[PDB]
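Trainee: Below you'll find target.cif; it's mmCIF, C-alpha atoms and all ligand atoms.
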data_model
loop_
_atom_site.label_atom_id
_atom_site.label_comp_id
_atom_site.auth_asym_id
_atom_site.auth_seq_id
_atom_site.Cartn_x
_atom_site.Cartn_y
_atom_site.Cartn_z
CA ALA A 16 -1.58 -28.77 6.65
CA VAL A 17 0.30 -25.57 7.51
CA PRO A 18 3.33 -25.81 9.86
CA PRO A 19 2.31 -24.80 13.40
CA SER A 20 4.93 -22.05 13.52
CA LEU A 21 3.33 -20.53 10.40
CA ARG A 22 -0.36 -21.31 10.98
CA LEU A 23 -2.86 -18.46 11.32
CA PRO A 24 -6.24 -19.88 12.37
CA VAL A 25 -7.94 -16.52 11.82
CA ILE A 26 -6.94 -16.56 8.14
CA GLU A 27 -8.10 -20.16 7.77
CA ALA A 28 -11.46 -19.55 9.50
CA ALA A 29 -12.37 -15.98 8.53
CA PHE A 30 -10.59 -15.20 5.20
CA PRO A 31 -11.89 -17.84 2.75
CA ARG A 32 -9.85 -18.20 -0.44
CA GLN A 33 -11.17 -16.83 -3.72
CA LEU A 34 -10.01 -17.65 -7.26
CA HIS A 35 -10.52 -15.62 -10.42
CA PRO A 36 -12.28 -17.64 -13.16
CA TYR A 37 -9.60 -16.71 -15.71
CA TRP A 38 -6.90 -18.48 -13.69
CA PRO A 39 -6.56 -21.64 -15.88
CA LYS A 40 -5.79 -19.52 -18.96
CA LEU A 41 -3.74 -17.13 -16.86
CA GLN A 42 -1.39 -19.91 -15.70
CA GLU A 43 -0.46 -21.04 -19.20
CA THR A 44 -0.43 -17.58 -20.79
CA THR A 45 2.05 -16.23 -18.23
CA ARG A 46 4.16 -19.38 -18.58
CA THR A 47 4.21 -18.79 -22.34
CA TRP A 48 5.10 -15.13 -21.74
CA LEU A 49 8.03 -16.10 -19.50
CA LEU A 50 9.18 -18.47 -22.25
CA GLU A 51 8.72 -16.07 -25.18
CA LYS A 52 10.26 -13.08 -23.37
CA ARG A 53 13.22 -15.32 -22.43
CA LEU A 54 12.81 -14.42 -18.75
CA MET A 55 13.63 -18.00 -17.69
CA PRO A 56 15.37 -20.86 -19.52
CA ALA A 57 12.99 -23.17 -21.37
CA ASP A 58 13.87 -26.18 -19.21
CA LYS A 59 13.46 -24.17 -16.00
CA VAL A 60 10.10 -22.85 -17.21
CA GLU A 61 8.84 -26.33 -18.06
CA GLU A 62 10.01 -27.80 -14.75
CA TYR A 63 9.33 -24.98 -12.28
CA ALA A 64 7.04 -22.20 -13.58
CA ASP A 65 3.65 -23.71 -12.72
CA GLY A 66 4.99 -24.91 -9.35
CA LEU A 67 6.03 -21.36 -8.39
CA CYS A 68 2.32 -20.37 -8.22
CA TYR A 69 2.88 -16.75 -9.31
CA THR A 70 -0.32 -16.61 -11.32
CA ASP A 71 -2.26 -18.26 -8.48
CA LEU A 72 -1.08 -15.48 -6.18
CA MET A 73 -2.52 -12.76 -8.42
CA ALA A 74 -5.65 -14.72 -9.32
CA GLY A 75 -6.52 -15.00 -5.62
CA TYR A 76 -6.03 -11.26 -5.11
CA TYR A 77 -7.46 -9.07 -7.90
CA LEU A 78 -10.91 -10.62 -8.06
CA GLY A 79 -13.23 -9.03 -10.61
CA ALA A 80 -10.35 -7.79 -12.76
CA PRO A 81 -10.88 -7.90 -16.54
CA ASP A 82 -9.08 -10.88 -18.03
CA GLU A 83 -6.68 -8.57 -19.88
CA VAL A 84 -5.98 -6.54 -16.74
CA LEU A 85 -5.33 -9.71 -14.74
CA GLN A 86 -3.05 -10.96 -17.52
CA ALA A 87 -0.89 -7.83 -17.48
CA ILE A 88 -0.77 -7.87 -13.67
CA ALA A 89 0.23 -11.54 -13.60
CA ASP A 90 2.93 -11.02 -16.22
CA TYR A 91 4.28 -8.03 -14.27
CA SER A 92 4.17 -9.93 -10.98
CA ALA A 93 6.05 -12.86 -12.49
CA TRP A 94 8.53 -10.37 -13.96
CA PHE A 95 8.90 -8.90 -10.47
CA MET A 96 9.84 -12.30 -9.02
CA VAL A 97 12.44 -12.83 -11.76
CA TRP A 98 13.80 -9.34 -11.05
CA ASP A 99 14.14 -10.18 -7.35
CA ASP A 100 16.08 -13.26 -8.47
CA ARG A 101 18.39 -11.24 -10.75
CA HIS A 102 18.96 -8.63 -8.04
CA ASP A 103 19.89 -11.40 -5.61
CA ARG A 104 22.24 -12.96 -8.17
CA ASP A 105 23.96 -9.66 -9.00
CA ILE A 106 24.61 -9.27 -5.26
CA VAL A 107 25.96 -12.79 -4.71
CA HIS A 108 28.30 -12.42 -7.70
CA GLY A 109 29.42 -8.86 -6.92
CA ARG A 110 28.14 -7.56 -10.27
CA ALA A 111 27.82 -3.97 -9.08
CA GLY A 112 28.19 -2.61 -12.61
CA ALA A 113 25.54 -4.86 -14.15
CA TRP A 114 23.14 -3.96 -11.35
CA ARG A 115 23.77 -0.22 -11.69
CA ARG A 116 23.18 -0.35 -15.44
CA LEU A 117 20.04 -2.46 -14.97
CA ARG A 118 18.78 -0.02 -12.31
CA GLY A 119 19.21 2.89 -14.72
CA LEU A 120 17.47 1.09 -17.57
CA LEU A 121 14.43 0.23 -15.44
CA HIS A 122 14.08 3.89 -14.40
CA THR A 123 14.19 4.90 -18.08
CA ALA A 124 11.97 2.06 -19.32
CA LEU A 125 9.42 2.85 -16.61
CA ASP A 126 8.89 6.33 -18.08
CA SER A 127 8.97 5.26 -21.77
CA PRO A 128 8.21 1.52 -21.90
CA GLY A 129 7.29 1.43 -25.59
CA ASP A 130 10.82 2.55 -26.43
CA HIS A 131 12.26 -0.48 -24.60
CA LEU A 132 9.99 -3.29 -25.89
CA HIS A 133 12.91 -4.81 -27.83
CA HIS A 134 15.87 -3.95 -25.61
CA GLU A 135 18.88 -6.26 -25.62
CA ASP A 136 18.38 -7.07 -21.92
CA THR A 137 15.46 -9.50 -21.93
CA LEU A 138 14.67 -8.51 -18.33
CA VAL A 139 14.30 -4.88 -19.40
CA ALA A 140 12.29 -5.88 -22.48
CA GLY A 141 9.96 -8.00 -20.36
CA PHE A 142 9.49 -5.17 -17.86
CA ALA A 143 8.62 -2.71 -20.62
CA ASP A 144 6.04 -5.00 -22.23
CA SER A 145 4.15 -5.56 -19.00
CA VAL A 146 4.37 -1.90 -18.02
CA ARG A 147 3.28 -0.67 -21.45
CA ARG A 148 0.22 -2.91 -21.12
CA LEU A 149 -0.53 -1.69 -17.59
CA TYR A 150 -0.32 1.92 -18.86
CA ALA A 151 -3.13 1.24 -21.37
CA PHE A 152 -6.03 0.80 -18.92
CA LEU A 153 -6.36 4.10 -17.00
CA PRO A 154 -5.57 7.80 -17.58
CA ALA A 155 -2.03 9.16 -17.65
CA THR A 156 -2.36 10.43 -14.07
CA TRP A 157 -2.60 6.83 -12.88
CA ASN A 158 0.37 5.83 -15.06
CA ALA A 159 2.42 8.67 -13.54
CA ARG A 160 1.52 7.55 -10.01
CA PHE A 161 2.54 3.97 -10.81
CA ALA A 162 5.86 5.29 -12.18
CA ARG A 163 6.47 7.55 -9.18
CA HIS A 164 5.89 4.56 -6.92
CA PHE A 165 8.06 2.18 -8.91
CA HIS A 166 10.92 4.70 -9.20
CA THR A 167 10.92 4.54 -5.39
CA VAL A 168 10.87 0.73 -5.46
CA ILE A 169 13.91 0.58 -7.77
CA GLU A 170 15.88 2.81 -5.41
CA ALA A 171 14.90 0.66 -2.42
CA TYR A 172 16.32 -2.33 -4.30
CA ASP A 173 19.50 -0.30 -4.79
CA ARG A 174 19.65 0.37 -1.04
CA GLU A 175 19.29 -3.38 -0.46
CA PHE A 176 22.19 -3.96 -2.85
CA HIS A 177 24.38 -1.60 -0.82
CA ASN A 178 23.30 -3.18 2.48
CA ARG A 179 24.08 -6.76 1.44
CA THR A 180 27.34 -5.79 -0.26
CA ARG A 181 28.42 -4.01 2.93
CA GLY A 182 26.87 -6.61 5.25
CA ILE A 183 24.64 -3.97 6.87
CA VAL A 184 21.43 -5.22 8.51
CA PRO A 185 18.87 -2.38 8.78
CA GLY A 186 17.46 -1.43 12.15
CA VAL A 187 13.88 -2.44 12.87
CA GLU A 188 12.29 0.95 12.19
CA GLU A 189 14.57 1.51 9.19
CA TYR A 190 13.62 -1.92 7.86
CA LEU A 191 9.88 -1.39 8.35
CA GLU A 192 10.18 1.79 6.27
CA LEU A 193 12.34 0.10 3.61
CA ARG A 194 10.05 -2.95 3.44
CA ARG A 195 7.07 -0.90 2.28
CA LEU A 196 9.22 -0.13 -0.78
CA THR A 197 11.01 -3.43 -1.47
CA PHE A 198 7.70 -5.30 -1.27
CA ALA A 199 6.10 -2.60 -3.50
CA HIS A 200 3.14 -1.98 -1.15
CA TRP A 201 1.97 0.99 -3.19
CA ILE A 202 2.26 -0.75 -6.56
CA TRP A 203 -0.09 -3.53 -5.42
CA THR A 204 -2.33 -0.81 -3.99
CA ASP A 205 -2.21 1.12 -7.28
CA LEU A 206 -3.10 -2.03 -9.20
CA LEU A 207 -6.39 -2.40 -7.32
CA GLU A 208 -7.68 0.46 -9.45
CA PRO A 209 -7.38 -0.97 -13.01
CA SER A 210 -8.71 -4.19 -11.50
CA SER A 211 -11.99 -2.44 -10.63
CA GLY A 212 -11.88 -0.18 -13.70
CA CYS A 213 -11.62 3.19 -11.98
CA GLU A 214 -8.83 5.62 -11.16
CA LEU A 215 -9.67 6.81 -7.70
CA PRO A 216 -9.52 10.54 -6.88
CA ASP A 217 -6.87 11.46 -4.35
CA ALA A 218 -9.59 12.50 -1.89
CA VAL A 219 -11.00 8.96 -2.01
CA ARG A 220 -7.84 6.84 -1.94
CA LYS A 221 -6.27 9.09 0.72
CA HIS A 222 -9.27 8.76 3.02
CA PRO A 223 -7.89 7.57 6.38
CA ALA A 224 -9.82 4.27 6.31
CA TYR A 225 -8.88 3.45 2.72
CA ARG A 226 -5.22 4.30 3.43
CA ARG A 227 -5.05 2.25 6.62
CA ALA A 228 -6.84 -0.77 5.14
CA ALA A 229 -4.46 -0.60 2.15
CA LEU A 230 -1.41 -0.36 4.42
CA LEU A 231 -2.37 -3.23 6.70
CA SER A 232 -3.11 -5.56 3.79
CA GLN A 233 0.42 -5.01 2.48
CA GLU A 234 2.14 -5.08 5.87
CA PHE A 235 0.56 -8.50 6.44
CA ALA A 236 1.74 -9.77 3.07
CA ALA A 237 5.31 -8.50 3.49
CA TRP A 238 5.72 -9.61 7.09
CA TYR A 239 4.12 -12.99 6.44
CA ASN A 240 6.59 -13.39 3.60
CA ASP A 241 9.33 -12.52 6.10
CA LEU A 242 8.06 -15.22 8.46
CA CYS A 243 7.84 -17.87 5.72
CA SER A 244 10.83 -16.85 3.61
CA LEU A 245 13.22 -16.61 6.60
CA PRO A 246 14.71 -20.13 6.07
CA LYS A 247 15.48 -19.55 2.37
CA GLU A 248 16.73 -16.05 3.14
CA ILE A 249 19.02 -17.11 5.99
CA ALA A 250 20.38 -19.87 3.75
CA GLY A 251 20.91 -17.36 0.92
CA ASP A 252 22.65 -14.63 2.99
CA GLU A 253 19.68 -12.32 2.49
CA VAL A 254 19.72 -9.73 5.29
CA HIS A 255 16.35 -8.01 4.66
CA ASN A 256 13.75 -9.61 6.89
CA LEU A 257 12.02 -8.33 10.03
CA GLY A 258 13.24 -11.40 11.90
CA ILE A 259 16.86 -10.69 10.93
CA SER A 260 16.66 -7.08 12.09
CA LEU A 261 15.20 -8.31 15.40
CA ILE A 262 18.00 -10.85 15.91
CA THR A 263 20.62 -8.25 14.98
CA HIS A 264 19.40 -5.05 16.66
CA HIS A 265 17.21 -6.41 19.48
CA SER A 266 19.36 -9.46 20.40
CA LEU A 267 16.54 -11.98 20.05
CA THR A 268 17.07 -15.67 19.38
CA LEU A 269 15.68 -17.28 16.23
CA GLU A 270 12.66 -18.73 18.06
CA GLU A 271 11.90 -15.42 19.80
CA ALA A 272 12.23 -13.40 16.59
CA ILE A 273 9.93 -15.85 14.79
CA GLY A 274 7.48 -15.42 17.66
CA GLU A 275 7.61 -11.63 17.50
CA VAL A 276 7.14 -11.61 13.72
CA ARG A 277 4.15 -13.98 14.15
CA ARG A 278 2.58 -11.64 16.70
CA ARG A 279 3.06 -8.62 14.44
CA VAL A 280 1.43 -10.49 11.53
CA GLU A 281 -1.48 -11.52 13.76
CA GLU A 282 -2.01 -7.90 14.87
CA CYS A 283 -2.20 -6.86 11.21
CA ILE A 284 -5.22 -9.12 10.81
CA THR A 285 -7.23 -7.80 13.72
CA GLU A 286 -6.23 -4.19 12.98
CA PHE A 287 -7.45 -4.79 9.42
CA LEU A 288 -10.79 -6.19 10.61
CA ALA A 289 -11.38 -2.98 12.59
CA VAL A 290 -10.50 -0.55 9.82
CA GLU A 291 -12.23 -2.67 7.16
CA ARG A 292 -15.54 -1.76 8.83
CA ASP A 293 -14.64 1.92 8.46
CA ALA A 294 -13.51 1.50 4.84
CA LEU A 295 -16.77 -0.26 3.90
CA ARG A 296 -18.78 2.41 5.72
CA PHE A 297 -16.92 4.95 3.57
CA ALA A 298 -17.77 2.96 0.44
CA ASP A 299 -21.44 3.04 1.44
CA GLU A 300 -21.26 6.81 2.03
CA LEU A 301 -19.93 7.45 -1.49
CA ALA A 302 -23.19 6.10 -2.94
CA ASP A 303 -24.91 9.45 -2.46
CA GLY A 304 -27.55 8.83 -5.16
CA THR A 305 -25.60 10.03 -8.22
CA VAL A 306 -24.08 7.97 -11.03
CA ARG A 307 -20.52 9.00 -10.16
CA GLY A 308 -21.27 8.17 -6.53
CA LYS A 309 -22.52 4.66 -7.26
CA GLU A 310 -19.47 4.07 -9.48
CA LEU A 311 -16.99 5.29 -6.86
CA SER A 312 -18.78 3.31 -4.14
CA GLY A 313 -18.54 0.12 -6.17
CA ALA A 314 -14.85 0.64 -6.95
CA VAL A 315 -13.89 1.33 -3.33
CA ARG A 316 -15.91 -1.68 -2.18
CA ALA A 317 -14.28 -3.95 -4.77
CA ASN A 318 -10.82 -2.62 -3.86
CA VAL A 319 -11.35 -3.15 -0.11
CA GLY A 320 -12.67 -6.61 -0.95
CA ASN A 321 -9.40 -7.35 -2.70
CA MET A 322 -7.33 -5.90 0.15
CA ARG A 323 -8.98 -8.66 2.15
CA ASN A 324 -8.40 -11.29 -0.54
CA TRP A 325 -4.67 -10.45 -0.42
CA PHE A 326 -4.54 -11.95 3.09
CA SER A 327 -5.73 -15.39 1.99
CA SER A 328 -3.88 -15.41 -1.33
CA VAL A 329 -0.50 -14.62 0.24
CA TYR A 330 -1.09 -17.03 3.12
CA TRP A 331 -1.72 -20.06 0.93
CA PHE A 332 0.83 -18.99 -1.68
CA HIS A 333 3.64 -19.42 0.83
CA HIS A 334 2.64 -23.01 1.56
CA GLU A 335 1.98 -23.95 -2.08
CA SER A 336 4.81 -22.22 -3.94
CA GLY A 337 8.03 -23.99 -4.83
CA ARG A 338 9.80 -20.65 -4.31
CA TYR A 339 10.13 -21.28 -0.54
CA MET A 340 10.79 -25.05 -0.40
CA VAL A 341 14.44 -24.65 0.58
CA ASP A 342 14.48 -28.09 2.21
CA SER A 343 14.12 -29.73 -1.23
CA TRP A 344 17.17 -28.05 -2.80
CA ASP A 345 20.54 -29.77 -3.15
CA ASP A 346 22.17 -26.36 -2.64
CA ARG A 347 20.05 -24.47 -0.12
CA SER A 348 21.83 -21.22 -1.07
CA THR A 349 20.90 -21.43 -4.78
CA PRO A 350 17.21 -22.01 -5.57
CA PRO A 351 16.94 -24.25 -8.65
CA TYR A 352 14.67 -21.76 -10.46
CA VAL A 353 17.23 -18.93 -10.45
CA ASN A 354 19.68 -18.16 -13.26
CA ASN A 355 22.99 -18.60 -11.44
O1 LIG B 1 10.05 -14.42 -2.34
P1 LIG B 1 10.84 -13.43 -1.51
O2 LIG B 1 12.26 -13.39 -2.09
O3 LIG B 1 10.81 -13.77 -0.03
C1 LIG B 1 10.12 -11.75 -1.79
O4 LIG B 1 8.89 -11.63 -1.10
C2 LIG B 1 9.98 -11.52 -3.31
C3 LIG B 1 9.05 -10.35 -3.57
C4 LIG B 1 9.59 -9.13 -3.80
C5 LIG B 1 8.77 -8.07 -4.00
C6 LIG B 1 7.40 -8.21 -3.98
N1 LIG B 1 6.87 -9.44 -3.77
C7 LIG B 1 7.67 -10.50 -3.54
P2 LIG B 1 11.23 -10.51 -0.97
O5 LIG B 1 10.54 -9.19 -1.04
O6 LIG B 1 12.54 -10.46 -1.72
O7 LIG B 1 11.44 -10.98 0.47
MG MG B 2 13.78 -12.05 -2.29
MG MG B 3 13.72 -8.81 -2.36
MG MG B 4 11.14 -12.59 1.58
#
Using the file provided, produce a representation of the structure as structure tokens.

Mentor:
Amino acid sequence: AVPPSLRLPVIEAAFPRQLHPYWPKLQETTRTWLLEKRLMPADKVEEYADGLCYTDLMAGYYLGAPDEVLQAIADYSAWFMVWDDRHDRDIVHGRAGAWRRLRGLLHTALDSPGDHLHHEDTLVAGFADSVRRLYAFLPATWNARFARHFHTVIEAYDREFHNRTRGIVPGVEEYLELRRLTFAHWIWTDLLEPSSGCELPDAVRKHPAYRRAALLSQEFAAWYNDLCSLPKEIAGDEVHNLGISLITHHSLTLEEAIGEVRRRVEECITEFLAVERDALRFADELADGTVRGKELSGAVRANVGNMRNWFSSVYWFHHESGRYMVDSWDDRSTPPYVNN
């Protein structure tokens, strides 16, 4: 039962959930990784990790991925959530120096992860392990694209740090541009490719239908997170949220901003259904009769299939995950799973 303010009947009726068969092993293996990389305290791992549903989120998204690819993605995605938590905590505690140093180390570790596998900062060491593993699946040109994209994500996190320190709420257009980076749209899009076992040529992944289907899938995920994470984020003095920019710059009430965010999320779905037809037509066209063609066709089709799976995985994740259950916290400003 999804709250009426958050319910999307089109997702429930037309985007049936999928789950990767490796998910049972994935859940425990990522929990063990969080424990052994010291990315969460042992008692917080035991009490909260499974309930945060991070592995479920990936296992409902990258269908068809090799077990080892899914494992590295899930470890990275759990790392990403812990990094969001650390970033938030550095902000709340005014640890500008610790954040700046961390920011620099992630930039460096991103380009040479193997050199950082045993760094003193467990968050940097965890990052490097997952990234080194992700760099092992596809050619160096894919690794360099992942790094280029994540360098941009790190700097968007830095911009968020400056905004919240200075109490600046981005304008709507400014936020929509920033949100494609803080949510890491293009990282999740990159990671479709090791999941289907094929680095896509630029001509293929920059095709207008592939690009637009990829964009809309991520816009939905980020803006649906905004809709669902708004209570926790208002309680935690987070300023980055489409609803908050609407209240601040467009003078909407809370109920009207929630309504406008809802409508924008709903439009993402029906825009995606239109372009999905074009992206799958393009997949069919790539099967020109040659071996390379059949391979590229299959990879594009699998990737567009997972762009669709992202809709249902993110939807149900926000109603299942303990990450957003702010009403159950004694201190609504400090989630119990964060290192405070
Ligand atoms: O769970 P959260 O904090 O609402 C979030 O989605 C965490 C997150 C960050 C980046 C990518 N995916 C999830 P955020 O982006 O900070 O709003
Ligand atoms: Mg956050
Ligand atoms: Mg964030
Ligand atoms: Mg959020």

Trainee: Taking only C-alpha atoms and all ligand atoms into account, name the residue in A:247, A:277, A:160, A:52 that is nearest to ligand MG 3 (chain B).

Mentor: A:247

Trainee: When you count only C-alpha atoms and all ligand atoms, which of these residues is closest to ligand MG 4 (chain B): A:205, A:241, A:170, A:61?

Mentor: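 Answer, going by the shortest atom-to-atom distance: A:241.
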
Trainee: How would you write, as a count of residues only, the set of residues no farther than 8 Å from ligand MG 2 (chain B) when counting all atoms listed in the file?

Mentor: 6

Trainee: Find the residues near ligand LIG 1 (chain B). Use a cut-off of 8 Å, count all atoms listed in the file, and write them as an mmCIF file with C-alpha atoms, keeping the file's coordinate frame.

Mentor:
data_model
loop_
_atom_site.group_PDB
_atom_site.id
_atom_site.type_symbol
_atom_site.label_atom_id
_atom_site.label_comp_id
_atom_site.auth_asym_id
_atom_site.auth_seq_id
_atom_site.Cartn_x
_atom_site.Cartn_y
_atom_site.Cartn_z
ATOM 1 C CA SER A 92 4.170 -9.930 -10.980
ATOM 2 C CA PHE A 95 8.900 -8.900 -10.470
ATOM 3 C CA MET A 96 9.840 -12.300 -9.020
ATOM 4 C CA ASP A 99 14.140 -10.180 -7.350
ATOM 5 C CA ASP A 100 16.080 -13.260 -8.470
ATOM 6 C CA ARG A 194 10.050 -2.950 3.440
ATOM 7 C CA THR A 197 11.010 -3.430 -1.470
ATOM 8 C CA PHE A 198 7.700 -5.300 -1.270
ATOM 9 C CA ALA A 199 6.100 -2.600 -3.500
ATOM 10 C CA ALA A 237 5.310 -8.500 3.490
ATOM 11 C CA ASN A 240 6.590 -13.390 3.600
ATOM 12 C CA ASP A 241 9.330 -12.520 6.100
ATOM 13 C CA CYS A 243 7.840 -17.870 5.720
ATOM 14 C CA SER A 244 10.830 -16.850 3.610
ATOM 15 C CA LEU A 245 13.220 -16.610 6.600
ATOM 16 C CA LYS A 247 15.480 -19.550 2.370
ATOM 17 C CA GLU A 248 16.730 -16.050 3.140
ATOM 18 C CA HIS A 255 16.350 -8.010 4.660
ATOM 19 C CA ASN A 256 13.750 -9.610 6.890
ATOM 20 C CA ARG A 338 9.800 -20.650 -4.310
ATOM 21 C CA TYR A 339 10.130 -21.280 -0.540
#

Trainee: Figure out the distance between CA of residue 98 in chain A and CA of residue 180 in chain A, please, to one decimal in Å.

Mentor: 17.7 Å

Trainee: Of the residues A:71, A:175, A:346, A:135, which is the one nearest to ligand MG 3 (chain B), using all atoms listed in the file?

Mentor: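 Ranking A:71, A:175, A:346, A:135 by distance to ligand MG 3 (chain B), first place goes to A:175.
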
Trainee: Need the shell around range 137-139 of chain A: protein/DNA/RNA residues with any atom at most 8 Å away, counting all atoms listed in the file. Skip same-chain ones fewer than 3 positions apart. Format as a ChimeraX atom specification?

Mentor: /A:52-54,94,98,117,120-121,124,131-134,142-143

Trainee: In Å, rounded to a single decimal, give me how far CA of residue 69 in chain A is from CA of residue 29 in chain A.

Mentor: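 Value for the CA of residue 29 in chain A-CA of residue 69 in chain A distance: 23.5 Å.
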
Trainee: Could you name the residues that touch range 215-220 of chain A at 9 Å or less, counting only C-alpha atoms, but leaving out those on the same chain fewer than 6 positions away, as a PyMOL selection string?

Mentor: chain A and resi 157+208+226+311+314-315

Trainee: Give me a file of those residues, with C-alpha atoms, as a short mmCIF file (atom, residue, chain, number, x, y, z; two decimals), in the frame of the given file.

Mentor:
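Dumped to again.cif:
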data_model
loop_
_atom_site.label_atom_id
_atom_site.label_comp_id
_atom_site.auth_asym_id
_atom_site.auth_seq_id
_atom_site.Cartn_x
_atom_site.Cartn_y
_atom_site.Cartn_z
CA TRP A 157 -2.60 6.83 -12.88
CA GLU A 208 -7.68 0.46 -9.45
CA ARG A 226 -5.22 4.30 3.43
CA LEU A 311 -16.99 5.29 -6.86
CA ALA A 314 -14.85 0.64 -6.95
CA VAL A 315 -13.89 1.33 -3.33
#

Trainee: How many Å lie between CA of residue 79 in chain A and CA of residue 141 in chain A, rounded to one decimal?

Mentor: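 Spanning CA of residue 79 in chain A to CA of residue 141 in chain A is a straight-line distance of 25.2 Å.
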
Trainee: Excluding residue 87 in chain A and any residue of its chain fewer than 5 positions from it, enumerate the residues within 8 Å of it, using all atoms listed in the file, and give them as number ranges by chain.

Mentor: A: 145-146, 148-149

Trainee: Once you count all atoms listed in the file, which residues end up no further than 8 Å from (-10.3, -20.0, -2.0) in the file's frame, shown as JSON, numbers by chain?

Mentor: {"A": [31, 32, 33, 34, 75, 327, 328]}

Trainee: Can you spit out the residues from that selection as a tab-separated table (two decimals), in the frame of the given file, using C-alpha atoms?

Mentor:
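And here's selection.tsv as it stands now:
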chain	number	residue	atom	x	y	z
A	31	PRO	CA	-11.89	-17.84	2.75
A	32	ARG	CA	-9.85	-18.20	-0.44
A	33	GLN	CA	-11.17	-16.83	-3.72
A	34	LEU	CA	-10.01	-17.65	-7.26
A	75	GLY	CA	-6.52	-15.00	-5.62
A	327	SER	CA	-5.73	-15.39	1.99
A	328	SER	CA	-3.88	-15.41	-1.33

Trainee: Considering all atoms listed in the file, can you say which of A:280, A:299, A:340, A:136 comes closest to residue 242 in chain A?

Mentor: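 Of all the options, A:280 lies closest to residue 242 in chain A.
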